[PDB]
**Q** 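After the structure tokens below, expect a handful of questions from me.
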4 protein chains.
Amino acid sequence: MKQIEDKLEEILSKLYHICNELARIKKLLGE
Amino acid sequence: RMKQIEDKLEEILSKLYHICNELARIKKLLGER
Amino acid sequence: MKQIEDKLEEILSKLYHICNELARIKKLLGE
Amino acid sequence: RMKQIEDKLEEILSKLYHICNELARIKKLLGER
């Protein structure tokens, strides 16, 4: 159960990085 | 039509936020078990 | 525990739809 | 520089696949409990 929790924390951080990459792309596309 | 892509990326960014929140809420429910 | 499982199925489907949207965007950008 | 955006979107698409797989693997571990 802890291995699931740790893995969820890791997925959240990966999702946050993708989120920053997509916002940078959007920024670039608008300029 | 580039404007449409940017609009869509904003929609995806928001949809991803919602997924992070739901995933965070699951992480918390498991740390209560 | 089942409510978590059902919610994970739902998140997977949402992630799949985003995946199709990003591939359509990539397709459009390349053309 | 549009080529760089497309390359990056491919990288994100792949990174998202990996997340779906890890999430699917969690869903399965919970259905075993």
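For the numbers below, each heavy atom of this structure counts, side chains included, while hydrogens, waters and symmetry mates do not. Every chain is numbered from 1 and lettered A, B, ... according to where its sequence line falls, protein lines coming before strand lines.
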**Q** Looking only at non-hydrogen atoms, find the nearest pair between C:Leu15 and D:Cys20 and report the distance.
**A** CB-SG, 3.7 Å
**Q** Could you grab the distance from atom CG of C:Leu8 to atom CG of D:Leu29, nearest 0.5 Å is fine?
**A**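 Rounded to the nearest 0.5 Å, the CG-CG separation comes to 10.5 Å.
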**Q** Looking only at heavy atoms, which two atoms of D:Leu13 and C:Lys26 are closest? And how far apart?
**A** CD1-CE, 4.0 Å
**Q** Might you point out which heavy atoms bring C:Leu29 and D:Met2 nearest each other, and give the distance in Å?
**A**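 Closest pair (atom of C:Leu29, atom of D:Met2, distance): CD2-SD, 3.7 Å.
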